[PDB]
Structures are given as structure tokens and as C-alpha cells.
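Written out below as C-alpha cells is the structure these notes cover.
Protein chains: 2
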Amino acid sequence: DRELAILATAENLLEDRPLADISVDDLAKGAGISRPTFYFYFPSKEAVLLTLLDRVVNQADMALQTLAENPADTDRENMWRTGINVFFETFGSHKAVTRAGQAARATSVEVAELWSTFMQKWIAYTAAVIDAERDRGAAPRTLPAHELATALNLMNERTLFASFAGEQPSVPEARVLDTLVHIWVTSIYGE
Amino acid sequence: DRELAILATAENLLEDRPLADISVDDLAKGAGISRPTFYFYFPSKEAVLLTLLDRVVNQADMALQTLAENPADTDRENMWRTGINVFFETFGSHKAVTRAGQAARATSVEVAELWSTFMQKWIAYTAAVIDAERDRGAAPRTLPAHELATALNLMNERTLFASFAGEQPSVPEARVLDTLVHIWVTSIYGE
Ligand SMILES: O=S(=O)(NCC#Cc1ccc(S(=O)(=O)NCCC(F)(F)F)cc1)c1ccccc1
Ligand SMILES: O=S(=O)(NCC#Cc1ccc(S(=O)(=O)NCCC(F)(F)F)cc1)c1ccccc1
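This is the structure in C-alpha cells:
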């Protein structure tokens, strides 16, 4: 409630400036509570970012679970597009949290461990699906599935986040999805 | 001379700890000069990292120029392997400078601009070679060459550096080259 108000205030301020330029007072003021009352709900501004990232990451994760149980009925190219799109839409809707979350990996053990855990989970799932495609005779046994999954997942992380941040260089946001699907599909189904 | 001694001292200390844990006195002591004498050669420890990164980046760049003028006489798979390998060997030999250089992108305008400039140059060259391969009828016109180049280059950056840092997750250093060549070759020559 006042917890939601701190989270919403943090997301809003992270649209105009970095975490280093937001005080606890900036978050308290924003949620319409005192500094001490803020500290009842969170030990630090760093813990606020950690909670926002955790919510975004879990939304993407739950969305990928929903997709896995209920596969789209279409060509394998569009199936994978649907999969990459969970990440494009979810993080695309939380650019400020995403950008700051990734910055905070350099400086926060918990942010690095949180991201690391979900990346291992998304790679393990990518690799399971690639091996399935190999078992049903649809993809050739080229690279170790788990190595291929790791590199594709690291590509998406870097490429999605460069696009969202408008970095130079980057693929424009409106071309990035098709860019990643081409490389996933060719690298998974070619020899 | 005493300039080289500061650079060598910085590279050495960046093997055991981050830049934030190295003082100017740590670099002066190391090069066997006073603090004031250090400041004659460099305005800050941050400028030392910038000079090391600039040297590594220019070595990779000059090595890729040498390759471009003197192409290996082999299959296209091995040609590209030779190309990715400039980056694998060059940065692979300067892991500590590479790791710290990438950290310093978040916190230094000059490090971000230096890296940004060379990435645009390496993407422009990748894209020129892809278009050549399209013109000589060897690769299909799939994705815009420059978008494909950008994503592949961002993949290599993230994947090479995760491997070098031993991050979880990452491809092991001894499997990363073959991993990237498979994805480059399939994504450049498949449809
Ligand atoms: O698509 S499916 O429905 N299920 C397969 C899948 C998947 C998947 C996994 C990871 C990423 S990822 O690398 O983009 N996310 C890592 C986090 C970040 F975004 F990079 F930051 C993209 C897609 C399908 C089922 C069966 C057959 C084909 C596809
Ligand atoms: O290989 S060639 O000799 N010349 C083509 C090339 C190339 C090239 C460009 C960039 C990268 S990159 O993306 O790895 N570097 C970006 C920086 C970092 F490492 F990622 F950090 C790897 C390889 C050839 C000629 C003609 C026909 C085929 C190949």
C-alpha cells in the first residue's frame, strides 16, 4: 500500500535520473511518508531497486511459464518469436527498472545473484527446448544445446538492453525482435 | 618509459583488484615514482585505465585491419573464425584491462565514447563483408546486413566478456570461439 507507493515513486524517478541521483528523502516525499516511515518498509534505496527488478524478472518468468504450458499453434519461427517477445514486452515496459537493475549488477551482490539465477533458468529452458527439437528430428545436433542457449541468451540481454537504452551502437527498438528471431532460428535449425 | 612503468603497474594491480581499490599512490609506488611525478604523466587513475583500454582496442583494430588486407585462404567458416579470434586472443590476453574498461563505461564518458566508436567501426566492417558475400552470391539477402552485424557484435562483446570474467552463466573460455563461429556462420549463410 505505502509499500506500492514507494515502488511506484522509485520507478517514476528512475525515468528521469539514475539511482545515485535519488535520495531516500526523494522516495519518502514521493510516496507522501516521512524518511523514518520509509525505513520501516525498506532498509535502503538499493533494496527498492532490488524489489522492482525482482517483480519485473518474476513477471517475465511467469509469462514464459504460461507460454511453455500453452504453446502457440504456428511455425517454429513464430513460436520462438512469441518466446523472445515475453522479454521484449516485459522489460520494454519497465525500461527504467531494467536499465538501473543492469547498472546495479556491478555494485550489488543481490542484484547480480538475482539476475544470474534467472539467466541460468532461462538458458536451461532454452536448451531443453533445443534438445526436444533435436529429439523430434526438427533441428540438427550441431553445438552443445546448453552452450548455444547461453550465447543466444547473452546476445538477447545485451541487444535488448542496448536498444531500450538507445545506445550507440544498437538495433532500433522496432527492428530488434525480428533481428533476434532470425539469429535464433538460423543458429538453431542450420548446420 | 616511466609512462610505460605506470601502465604496466596499473595492468598488474588490475589483476588482483578493481580500479576503486587502487590509489594513485598504489600506482606511483608501483612505478617507483612520487605521487606528484605520477600526476606529470596522468591527470587521474581513471586516465590510466583509459590509456590501457585505448592501447588494447587499437591492437585489436590494427590486427583486424591486417587480416582484412591479407585474408586467410580457407573455407568461409575458418575465415570468420580467424576474424572473431583477433578479439578472443587480443582481449583474452588483457582480461583485467578489458573487465575494468567495461565496468568504467557506466562511470566514464571517455571510456563509453572510445568503446562506442570502435564498436561502430567493427559493425560497419562486419556489415561491408556480409554485403560482399551477398554481392558474390555466397550469402542470401535475409536481414539488413547492418542490423545483423550490430547484434552479432553485441553478442560477441557480452559472450567474450562473460567467459573472460568466469561469470555465471557463461560459455567456458575453451568453447566460446566455436560457439560464436557456429552462430555467425549459420545466421550469415542460412535463410
Ligand atoms: O518460444 S517457446 O514458446 N519457448 C522457448 C523459449 C524461450 C526463450 C528463452 C530465453 C529468451 S532470452 O534469451 O531473450 N531471455 C533472457 C533474458 C533477457 F531477455 F535476455 F534479458 C528468449 C526466449 C518455443 C517452444 C517450442 C518450440 C519453439 C519455441
Ligand atoms: O573474418 S574476416 O577476415 N573479416 C570479417 C570480420 C570480422 C569481425 C568483426 C567483429 C567481430 S566482434 O563482434 O567479435 N568484435 C567486436 C568487439 C568485441 F569483441 F565484441 F568486443 C568479429 C569479427 C572475413 C573476410 C571475408 C569473408 C569472411 C570473413
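Taken in sequence, the protein lines are chains A and B.
Residue numbers for the first sequence follow my numbering, so the first one is 1 and each next one is one higher.
Residue numbers for the second sequence follow my numbering, so the first one is 1001 and each next one is one higher.
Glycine is no exception: its CB is placed at the ideal position from the N, C-alpha and C atoms.
Quiz item: Does the distance from the C-beta atom of B/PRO1140 to that of B/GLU1191 stay below 7 Å?
Solution: yes
Self-check item: Bounding residues of the alpha helix (DSSP H) (the contiguous stretch that carries B/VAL1024)
Solution: 1024-1031
Quiz item: Among B/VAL1097, B/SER1093, B/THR1074, B/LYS1121, which has the Cα closest to the Cα of B/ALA1047?
Solution: B/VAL1097
Quiz prompt | Cβ-based neighbour list, B/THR1090, same chain, cut-off 8 Å, excluding 5 preceding and 5 following | solution = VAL1056, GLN1059, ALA1060, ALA1063
Quiz prompt | Assigned secondary structure, A/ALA72 (DSSP; H/G/I helix, E/B strand, else coil) | solution = coil
Quiz item: Taking Cβ-Cβ distances shorter than 8 Å, what residues in chain A pair up with B/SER1116?
Solution: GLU167, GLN168, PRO169
Quiz item: What did DSSP end up calling A/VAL171 once you bin it into helix, strand or coil?
Solution: coil
Quiz item: Thinking C-alpha only, which one of B/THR1051, B/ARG1175, B/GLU1003 is nearest B/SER1034?
Solution: B/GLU1003
Exercise. To the nearest angstrom, report how far apart B/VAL1024 and B/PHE1038 are at their CA atoms.
Key: 8 Å
Quiz item: alpha helix (DSSP H) containing A/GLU191: first to last residue?
Solution: Here A/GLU191 belongs to no alpha helix (DSSP H), and DSSP marks it neither H nor E.
Quiz prompt | Residue burial classification, B/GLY1101 (beta-carbon count within 10 angstroms, cutoff 16) | solution = buried
Quiz item: In chain order, what residues of the same chain lie with their CB nearer than 7 Å to the CB of B/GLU1015, ignoring the 5 residues before and after it?
Solution: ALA1096
Quiz item: Taking Cβ positions, are A/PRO169 and B/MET1119 nearer each other than 7 Å?
Solution: yes
Quiz item: Is any heavy atom of ligand 2 found at a distance shorter than 6 Å from the C-beta of B/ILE1084?
Solution: yes
Quiz item: Is the CB-CB distance between B/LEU1027 and B/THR1009 below 7 Å?
Solution: yes
Quiz item: Residues of chain A with a CB under 8 Å from the CB of B/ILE1123: which are they?
Solution: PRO169
Quiz item: Just how far apart, CA to CA, sit A/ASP178 and A/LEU160?
Solution: 12 Å
Self-check item: Contacts around B/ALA1072, its chain only, beta-carbon distance under 7 Å, and the 5 residues preceding and following it disregarded
Solution: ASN1078, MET1079, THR1082
Quiz item: Hey, B/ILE1183 and A/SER163 are a contact pair by Cβ (cut 8 Å); roughly how many whole angstroms apart?
Solution: No, B/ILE1183 and A/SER163 are not in contact; Cβ-Cβ is about 19 Å, not under 8 Å.
Self-check item: Supposed contact pair A/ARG158 and B/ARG1158 - C-beta distance, whole angstroms, cut 8 Å
Solution: 4 Å
Quiz item: Can a CB atom of chain B be found closer than 7 Å to the CB of A/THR66?
Solution: no
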